[PDB]
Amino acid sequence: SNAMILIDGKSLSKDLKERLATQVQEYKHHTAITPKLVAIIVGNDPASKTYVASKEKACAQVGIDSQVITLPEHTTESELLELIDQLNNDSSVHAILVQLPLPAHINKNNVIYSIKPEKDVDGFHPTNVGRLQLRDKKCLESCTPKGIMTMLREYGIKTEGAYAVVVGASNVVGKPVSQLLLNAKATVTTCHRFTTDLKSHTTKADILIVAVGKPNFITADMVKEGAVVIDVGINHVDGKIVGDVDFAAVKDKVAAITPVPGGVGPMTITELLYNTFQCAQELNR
């Protein structure tokens, strides 16, 4: 028989937001500082407006201030860098986020590099990426990988000496989560689209992290009995949201598994909130 525990992100995110709200009010009482997030959106992309809206709603829930600066699509990179320079030097702003994607005429990496690492709440600045790997403590960690580790921590999933296989090598998820796992003393394998015999790896994993954006890609035969399975996929399939793991099939095999929806997805914005609070406190240390 297997544990078949549901790693419930919706309930965990709710608990974590309530916990954070309490801390934010404590901090405000001690310092009169309310953490403030500035989100920059360039242009009109509909999905981008929705993402930003969800971020502001989450802020309001926990008592964090937010401001959205909407710039026209025709904004140049130099103009956006100018705005970010003003935000970097504005002590009322603790966390700066640039909603992706940016217009064709702007290079996102130049934009991210212009953000003070201490205000880079997404954890995408090269210094934060590097500090993650280098186990340095000023690091703003990327929200989705941080969220994954938070689930593992709160569910008591031991990482030390565990064999973890991460399927997908993206910058936003796969590579930073592999680095977080390795810092947590797991043995880590990172697989991707050039991996031959993927199943030979995934079937040995104690902890299996799936981040490929391919609906129902990971099937039962690819997962180890007693495995912990974390499904980062958010695939839109005919109005439904479906994960990268064939949940119906795999759930009977596992010690624990994240459903989709209601698994990793809500943890991403939750960790953004914690990262905003981290920015405010460390700027004012």
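The numbering used is simple: start at 1 and walk along the sequence shown.
Participant: With reference to the PDB entry, specify whether the mean Cα temperature factor is higher for 182-190 or for 100-108.
Facilitator: 100-108 has the higher mean C-alpha B-factor.
Participant: Check the entry's C-alpha temperature factors for 131-139 and 110-118, then say which stretch has the higher mean.
Facilitator: The recorded data point to 131-139.
Participant: Between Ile40, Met222, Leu37, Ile257, let me know which has the highest C-alpha B-factor in the entry?
Facilitator: In this record, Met222 carries the highest C-alpha B-factor of the candidates.
Participant: Out of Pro176, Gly147, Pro126, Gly213, which shows the largest CA B-factor listed in the entry?
Facilitator: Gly213 has the highest C-alpha B-factor of those listed.
Participant: Report the third (lowest, middle or highest) to which the CA temperature factor of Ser78 belongs, ranking only the modelled residues of the same chain.
Facilitator: According to the entry, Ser78 has a C-alpha B-factor in the chain's lowest third.
Participant: When the deposited Cα B-factors of this chain's modelled residues are ordered and cut into thirds, is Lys199 in the lowest, the middle or the highest one?
Facilitator: Answer is middle: the recorded C-alpha B-factor places it there.
Participant: By the record's CA B-factor, is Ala32 among the lowest, middle or highest third of residues in the chain?
Facilitator: Middle third - that is where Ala32 ends up once the chain's C-alpha B-factors are sorted.
Participant: Tell me, lowest, middle or highest third: where does the Cα B factor of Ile64 rank within its chain?
Facilitator: According to the entry, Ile64 has a C-alpha B-factor in the chain's lowest third.
Participant: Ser92: which third of its chain by C-alpha temperature factor?
Facilitator: Middle third - that is where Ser92 ends up once the chain's C-alpha B-factors are sorted.
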